[PDB]
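Engineer: PDB, N, CA, C and O atoms, file data_19.pdb:
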ATOM      1  N   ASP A   1       0.862  -1.216   0.000
ATOM      2  CA  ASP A   1       0.000   0.000   0.000
ATOM      3  C   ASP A   1       0.885   1.250   0.000
ATOM      4  O   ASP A   1       1.030   1.917  -1.005
ATOM      5  N   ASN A   2       1.479   1.570   1.117
ATOM      6  CA  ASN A   2       2.356   2.775   1.177
ATOM      7  C   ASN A   2       2.939   2.904   2.586
ATOM      8  O   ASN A   2       2.884   3.956   3.195
ATOM      9  N   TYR A   3       3.510   1.852   3.106
ATOM     10  CA  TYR A   3       4.102   1.932   4.472
ATOM     11  C   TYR A   3       5.550   2.422   4.370
ATOM     12  O   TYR A   3       6.364   2.169   5.236
ATOM     13  N   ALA A   4       5.869   3.137   3.326
ATOM     14  CA  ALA A   4       7.253   3.663   3.168
ATOM     15  C   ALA A   4       7.176   5.176   2.947
ATOM     16  O   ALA A   4       8.121   5.801   2.508
ATOM     17  N   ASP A   5       6.050   5.766   3.253
ATOM     18  CA  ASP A   5       5.897   7.235   3.067
ATOM     19  C   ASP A   5       5.239   7.836   4.315
ATOM     20  O   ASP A   5       5.726   8.791   4.887
ATOM     21  N   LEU A   6       4.139   7.277   4.743
ATOM     22  CA  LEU A   6       3.452   7.808   5.958
ATOM     23  C   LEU A   6       4.488   7.981   7.078
ATOM     24  O   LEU A   6       5.597   7.489   7.003
ATOM     25  N   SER A   7       4.123   8.685   8.110
ATOM     26  CA  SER A   7       5.049   8.926   9.256
ATOM     27  C   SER A   7       4.408   8.384  10.543
ATOM     28  O   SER A   7       3.469   7.614  10.496
ATOM     29  N   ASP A   8       4.915   8.757  11.694
ATOM     30  CA  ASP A   8       4.330   8.233  12.964
ATOM     31  C   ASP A   8       2.854   8.613  13.083
ATOM     32  O   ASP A   8       2.024   7.766  13.323
ATOM     33  N   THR A   9       2.511   9.873  12.934
ATOM     34  CA  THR A   9       1.079  10.269  13.056
ATOM     35  C   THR A   9       0.221   9.239  12.346
ATOM     36  O   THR A   9      -0.658   8.673  12.935
ATOM     37  N   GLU A  10       0.476   9.004  11.085
ATOM     38  CA  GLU A  10      -0.345   8.005  10.329
ATOM     39  C   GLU A  10      -0.298   6.653  11.016
ATOM     40  O   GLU A  10      -1.298   5.971  11.108
ATOM     41  N   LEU A  11       0.835   6.243  11.506
ATOM     42  CA  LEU A  11       0.861   4.921  12.177
ATOM     43  C   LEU A  11      -0.210   4.938  13.240
ATOM     44  O   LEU A  11      -0.997   4.033  13.352
ATOM     45  N   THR A  12      -0.242   5.988  14.009
ATOM     46  CA  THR A  12      -1.259   6.121  15.074
ATOM     47  C   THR A  12      -2.597   6.447  14.424
ATOM     48  O   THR A  12      -3.644   6.154  14.960
ATOM     49  N   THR A  13      -2.575   6.992  13.240
ATOM     50  CA  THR A  13      -3.854   7.256  12.544
ATOM     51  C   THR A  13      -4.246   5.952  11.845
ATOM     52  O   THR A  13      -5.275   5.855  11.219
ATOM     53  N   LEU A  14      -3.408   4.947  11.954
ATOM     54  CA  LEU A  14      -3.685   3.633  11.333
ATOM     55  C   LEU A  14      -3.684   2.570  12.455
ATOM     56  O   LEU A  14      -4.093   1.444  12.261
ATOM     57  N   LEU A  15      -3.228   2.954  13.633
ATOM     58  CA  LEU A  15      -3.169   2.038  14.813
ATOM     59  C   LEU A  15      -4.155   2.576  15.860
ATOM     60  O   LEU A  15      -4.446   1.942  16.855
ATOM     61  N   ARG A  16      -4.682   3.751  15.604
ATOM     62  CA  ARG A  16      -5.678   4.383  16.525
ATOM     63  C   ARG A  16      -6.986   4.663  15.754
ATOM     64  O   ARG A  16      -8.015   4.906  16.350
ATOM     65  N   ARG A  17      -6.960   4.661  14.432
ATOM     66  CA  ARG A  17      -8.202   4.961  13.669
ATOM     67  C   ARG A  17      -9.029   3.682  13.534
ATOM     68  O   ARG A  17     -10.243   3.720  13.476
ATOM     69  N   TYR A  18      -8.387   2.546  13.529
ATOM     70  CA  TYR A  18      -9.146   1.268  13.451
ATOM     71  C   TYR A  18      -9.254   0.710  14.866
ATOM     72  O   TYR A  18     -10.124  -0.081  15.172
ATOM     73  N   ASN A  19      -8.361   1.126  15.727
ATOM     74  CA  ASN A  19      -8.370   0.647  17.133
ATOM     75  C   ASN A  19      -7.645  -0.693  17.214
ATOM     76  O   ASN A  19      -8.068  -1.605  17.896
ATOM     77  N   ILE A  20      -6.535  -0.800  16.541
ATOM     78  CA  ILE A  20      -5.743  -2.058  16.591
ATOM     79  C   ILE A  20      -5.088  -2.099  17.972
ATOM     80  O   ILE A  20      -4.700  -1.072  18.484
ATOM     81  N   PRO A  21      -4.978  -3.264  18.551
ATOM     82  CA  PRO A  21      -4.359  -3.391  19.878
ATOM     83  C   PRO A  21      -2.899  -2.953  19.781
ATOM     84  O   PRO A  21      -2.008  -3.732  19.508
ATOM     85  N   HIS A  22      -2.672  -1.683  19.994
ATOM     86  CA  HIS A  22      -1.292  -1.129  19.908
ATOM     87  C   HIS A  22      -0.957  -0.406  21.216
ATOM     88  O   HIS A  22      -1.796   0.250  21.802
ATOM     89  N   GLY A  23       0.261  -0.488  21.664
ATOM     90  CA  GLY A  23       0.636   0.228  22.907
ATOM     91  C   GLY A  23       1.553   1.390  22.507
ATOM     92  O   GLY A  23       1.102   2.325  21.876
ATOM     93  N   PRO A  24       2.812   1.299  22.846
ATOM     94  CA  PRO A  24       3.790   2.335  22.482
ATOM     95  C   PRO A  24       4.238   2.132  21.035
ATOM     96  O   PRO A  24       4.684   1.064  20.663
ATOM     97  N   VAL A  25       4.143   3.139  20.218
ATOM     98  CA  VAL A  25       4.589   2.972  18.806
ATOM     99  C   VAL A  25       6.114   3.074  18.765
ATOM    100  O   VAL A  25       6.669   4.109  18.456
ATOM    101  N   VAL A  26       6.794   2.007  19.092
ATOM    102  CA  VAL A  26       8.284   2.040  19.096
ATOM    103  C   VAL A  26       8.834   1.396  17.818
ATOM    104  O   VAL A  26       8.127   0.735  17.083
ATOM    105  N   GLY A  27      10.098   1.599  17.550
ATOM    106  CA  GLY A  27      10.720   1.019  16.322
ATOM    107  C   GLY A  27      10.422  -0.483  16.223
ATOM    108  O   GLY A  27       9.809  -0.941  15.281
ATOM    109  N   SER A  28      10.872  -1.255  17.176
ATOM    110  CA  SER A  28      10.636  -2.729  17.132
ATOM    111  C   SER A  28       9.200  -3.037  16.690
ATOM    112  O   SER A  28       8.975  -3.582  15.627
ATOM    113  N   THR A  29       8.230  -2.719  17.504
ATOM    114  CA  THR A  29       6.811  -3.020  17.139
ATOM    115  C   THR A  29       6.254  -1.933  16.213
ATOM    116  O   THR A  29       5.120  -1.519  16.344
ATOM    117  N   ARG A  30       7.035  -1.471  15.279
ATOM    118  CA  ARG A  30       6.548  -0.423  14.351
ATOM    119  C   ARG A  30       5.910  -1.085  13.124
ATOM    120  O   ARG A  30       4.803  -0.757  12.744
ATOM    121  N   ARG A  31       6.583  -2.017  12.504
ATOM    122  CA  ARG A  31       5.984  -2.683  11.313
ATOM    123  C   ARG A  31       4.791  -3.527  11.771
ATOM    124  O   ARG A  31       3.723  -3.443  11.217
ATOM    125  N   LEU A  32       4.964  -4.324  12.787
ATOM    126  CA  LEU A  32       3.844  -5.168  13.299
ATOM    127  C   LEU A  32       2.549  -4.341  13.323
ATOM    128  O   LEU A  32       1.462  -4.877  13.240
ATOM    129  N   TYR A  33       2.650  -3.039  13.412
ATOM    130  CA  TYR A  33       1.420  -2.194  13.420
ATOM    131  C   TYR A  33       1.120  -1.757  11.994
ATOM    132  O   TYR A  33      -0.019  -1.733  11.569
ATOM    133  N   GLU A  34       2.126  -1.440  11.238
ATOM    134  CA  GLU A  34       1.881  -1.044   9.832
ATOM    135  C   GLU A  34       1.698  -2.317   9.000
ATOM    136  O   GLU A  34       1.576  -2.271   7.793
ATOM    137  N   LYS A  35       1.717  -3.456   9.641
ATOM    138  CA  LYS A  35       1.584  -4.734   8.910
ATOM    139  C   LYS A  35       0.247  -5.410   9.237
ATOM    140  O   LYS A  35      -0.327  -6.104   8.422
ATOM    141  N   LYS A  36      -0.266  -5.177  10.402
ATOM    142  CA  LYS A  36      -1.598  -5.761  10.783
ATOM    143  C   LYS A  36      -2.610  -5.045   9.926
ATOM    144  O   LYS A  36      -3.559  -5.586   9.396
ATOM    145  N   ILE A  37      -2.330  -3.805   9.802
ATOM    146  CA  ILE A  37      -3.099  -2.841   9.009
ATOM    147  C   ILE A  37      -3.210  -3.285   7.528
ATOM    148  O   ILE A  37      -3.743  -2.566   6.708
ATOM    149  N   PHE A  38      -2.718  -4.454   7.172
ATOM    150  CA  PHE A  38      -2.810  -4.905   5.757
ATOM    151  C   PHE A  38      -4.095  -5.732   5.566
ATOM    152  O   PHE A  38      -4.985  -5.336   4.839
ATOM    153  N   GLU A  39      -4.218  -6.864   6.219
ATOM    154  CA  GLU A  39      -5.469  -7.675   6.064
ATOM    155  C   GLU A  39      -6.616  -6.892   6.654
ATOM    156  O   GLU A  39      -7.758  -7.035   6.275
ATOM    157  N   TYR A  40      -6.309  -6.069   7.589
ATOM    158  CA  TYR A  40      -7.376  -5.259   8.229
ATOM    159  C   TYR A  40      -8.218  -4.590   7.138
ATOM    160  O   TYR A  40      -9.342  -4.190   7.370
ATOM    161  N   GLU A  41      -7.681  -4.445   5.953
ATOM    162  CA  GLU A  41      -8.462  -3.775   4.870
ATOM    163  C   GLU A  41      -8.482  -4.605   3.567
ATOM    164  O   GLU A  41      -8.890  -4.110   2.535
ATOM    165  N   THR A  42      -8.042  -5.841   3.577
ATOM    166  CA  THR A  42      -8.052  -6.630   2.301
ATOM    167  C   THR A  42      -8.612  -8.044   2.512
ATOM    168  O   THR A  42      -8.456  -8.901   1.665
ATOM    169  N   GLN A  43      -9.266  -8.303   3.607
ATOM    170  CA  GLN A  43      -9.830  -9.668   3.830
ATOM    171  C   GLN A  43     -10.497  -9.711   5.203
ATOM    172  O   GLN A  43     -11.535 -10.316   5.387
ATOM    173  N   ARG A  44      -9.930  -9.033   6.157
ATOM    174  CA  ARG A  44     -10.537  -8.978   7.514
ATOM    175  C   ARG A  44     -10.353  -7.558   8.048
ATOM    176  O   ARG A  44      -9.776  -6.713   7.393
ATOM    177  N   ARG A  45     -10.837  -7.274   9.222
ATOM    178  CA  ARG A  45     -10.688  -5.917   9.766
ATOM    179  C   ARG A  45     -11.100  -5.913  11.247
ATOM    180  O   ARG A  45     -10.388  -5.415  12.095
ATOM    181  N   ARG A  46     -12.254  -6.460  11.563
ATOM    182  CA  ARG A  46     -12.710  -6.478  12.978
ATOM    183  C   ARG A  46     -13.316  -7.849  13.286
ATOM    184  O   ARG A  46     -12.760  -8.629  14.033
ATOM    185  N   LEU A  47     -14.452  -8.143  12.709
ATOM    186  CA  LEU A  47     -15.106  -9.468  12.956
ATOM    187  C   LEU A  47     -14.974  -9.836  14.435
ATOM    188  O   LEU A  47     -14.721 -10.972  14.784
ATOM    189  N   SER A  48     -15.140  -8.879  15.305
ATOM    190  CA  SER A  48     -15.021  -9.166  16.760
ATOM    191  C   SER A  48     -15.754 -10.473  17.085
ATOM    192  O   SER A  48     -16.513 -10.970  16.279
ATOM    193  N   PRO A  49     -15.498 -10.987  18.262
ATOM    194  CA  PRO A  49     -16.111 -12.241  18.740
ATOM    195  C   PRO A  49     -17.506 -11.961  19.321
ATOM    196  O   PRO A  49     -17.621 -11.369  20.376
ATOM    197  N   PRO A  50     -18.528 -12.395  18.621
ATOM    198  CA  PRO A  50     -19.921 -12.198  19.060
ATOM    199  C   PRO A  50     -20.278 -13.198  20.165
ATOM    200  O   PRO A  50     -20.884 -12.848  21.158
ATOM    201  N   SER A  51     -19.905 -14.441  20.003
ATOM    202  CA  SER A  51     -20.229 -15.457  21.055
ATOM    203  C   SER A  51     -18.932 -15.961  21.689
ATOM    204  O   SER A  51     -18.619 -15.647  22.822
ATOM    205  N   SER A  52     -18.172 -16.740  20.969
ATOM    206  CA  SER A  52     -16.894 -17.262  21.533
ATOM    207  C   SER A  52     -15.793 -17.164  20.476
ATOM    208  O   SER A  52     -14.980 -16.262  20.494
ATOM    209  N   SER A  53     -15.760 -18.086  19.552
ATOM    210  CA  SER A  53     -14.711 -18.045  18.494
ATOM    211  C   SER A  53     -15.174 -18.858  17.284
ATOM    212  O   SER A  53     -15.033 -18.367  16.176
TER     213      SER A  53
END
Starting from the coordinates I provided, produce the structure as C-alpha cells.

Structural biologist:
Amino acid sequence: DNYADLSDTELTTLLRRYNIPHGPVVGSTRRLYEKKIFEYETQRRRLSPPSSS
C-alpha cells in the first residue's frame, strides 16, 4: 500500500483509527502495526467475537 511514506502520526492514525491493539509505537513493534493494518483492509478488519470463536 504505502508503508514507506506515511510517518508516525499516520501509524497512530492507522493504529488508533481502526483501534488495533497497539501500545507504544516504538521502532521494534513499528511494522507489526503497519503490517496488521494490511489484512485489516483486504480480507478482515474487525469481525469481533460475538459469542466465543

Engineer: Take atom C of residue 11 in chain A and CA of residue 49 in chain A and report the distance between them in Å, one decimal.

Structural biologist: 24.0 Å

Engineer: Dig up all the protein and nucleic acid residues within 8 Å of (-11.5, -11.8, 15.5) in the file frame, using only N, CA, C and O atoms, and format them as a list in words.

Structural biologist: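 So the residues meeting the distance criterion are residues 45, 46, 47, 48, 49, 50, 52 and 53 of chain A.
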
Engineer: Please compute the atom C of residue 15 in chain A-CA of residue 51 in chain A distance, one decimal, in Å.

Structural biologist: 24.7 Å

Engineer: What does the structure give for the distance between atom C of residue 27 in chain A and atom O of residue 43 in chain A, in Å to one decimal?

Structural biologist: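 Distance between the two atoms: 26.4 Å.
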
Engineer: Identify all residues of chain A in helix (DSSP H, G or I) (DSSP on the backbone) and supply them as an MDAnalysis selection string.

Structural biologist: chainID A and resid 8:15 28:39

Engineer: Could you state which residues are captured by the PyMOL selection byres (((chain A and resi 1 and name CA) around 10) and name CA) in this file, as a PDB file with N, CA, C and O atoms, in the frame of the given file?

Structural biologist:
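Once everything was written out, this is out06.pdb:
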ATOM      1  N   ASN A   2       1.479   1.570   1.117  1.00  0.00           N
ATOM      2  CA  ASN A   2       2.356   2.775   1.177  1.00  0.00           C
ATOM      3  C   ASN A   2       2.939   2.904   2.586  1.00  0.00           C
ATOM      4  O   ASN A   2       2.884   3.956   3.195  1.00  0.00           O
ATOM      5  N   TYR A   3       3.510   1.852   3.106  1.00  0.00           N
ATOM      6  CA  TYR A   3       4.102   1.932   4.472  1.00  0.00           C
ATOM      7  C   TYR A   3       5.550   2.422   4.370  1.00  0.00           C
ATOM      8  O   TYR A   3       6.364   2.169   5.236  1.00  0.00           O
ATOM      9  N   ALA A   4       5.869   3.137   3.326  1.00  0.00           N
ATOM     10  CA  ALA A   4       7.253   3.663   3.168  1.00  0.00           C
ATOM     11  C   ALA A   4       7.176   5.176   2.947  1.00  0.00           C
ATOM     12  O   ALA A   4       8.121   5.801   2.508  1.00  0.00           O
ATOM     13  N   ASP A   5       6.050   5.766   3.253  1.00  0.00           N
ATOM     14  CA  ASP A   5       5.897   7.235   3.067  1.00  0.00           C
ATOM     15  C   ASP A   5       5.239   7.836   4.315  1.00  0.00           C
ATOM     16  O   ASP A   5       5.726   8.791   4.887  1.00  0.00           O
ATOM     17  N   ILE A  37      -2.330  -3.805   9.802  1.00  0.00           N
ATOM     18  CA  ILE A  37      -3.099  -2.841   9.009  1.00  0.00           C
ATOM     19  C   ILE A  37      -3.210  -3.285   7.528  1.00  0.00           C
ATOM     20  O   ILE A  37      -3.743  -2.566   6.708  1.00  0.00           O
ATOM     21  N   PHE A  38      -2.718  -4.454   7.172  1.00  0.00           N
ATOM     22  CA  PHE A  38      -2.810  -4.905   5.757  1.00  0.00           C
ATOM     23  C   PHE A  38      -4.095  -5.732   5.566  1.00  0.00           C
ATOM     24  O   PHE A  38      -4.985  -5.336   4.839  1.00  0.00           O
TER      25      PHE A  38
END

Engineer: Take the PyMOL selection byres (((chain A and resi 25 and name CA) around 12) and name CA), apply it to the structure above, and return the hits as an NGL selection string.

Structural biologist: :A and (7-16 or 20-24 or 26-34)

Engineer: Edge lengths and centre in Å to one decimal, as JSON, of the axis-aligned box that encloses all listed atoms of range 15-29 of chain A with 8 Å added on every side?

Structural biologist:
{"center_x": 0.3, "center_y": 0.6, "center_z": 18.2, "size_x": 37.1, "size_y": 24.7, "size_z": 25.5}
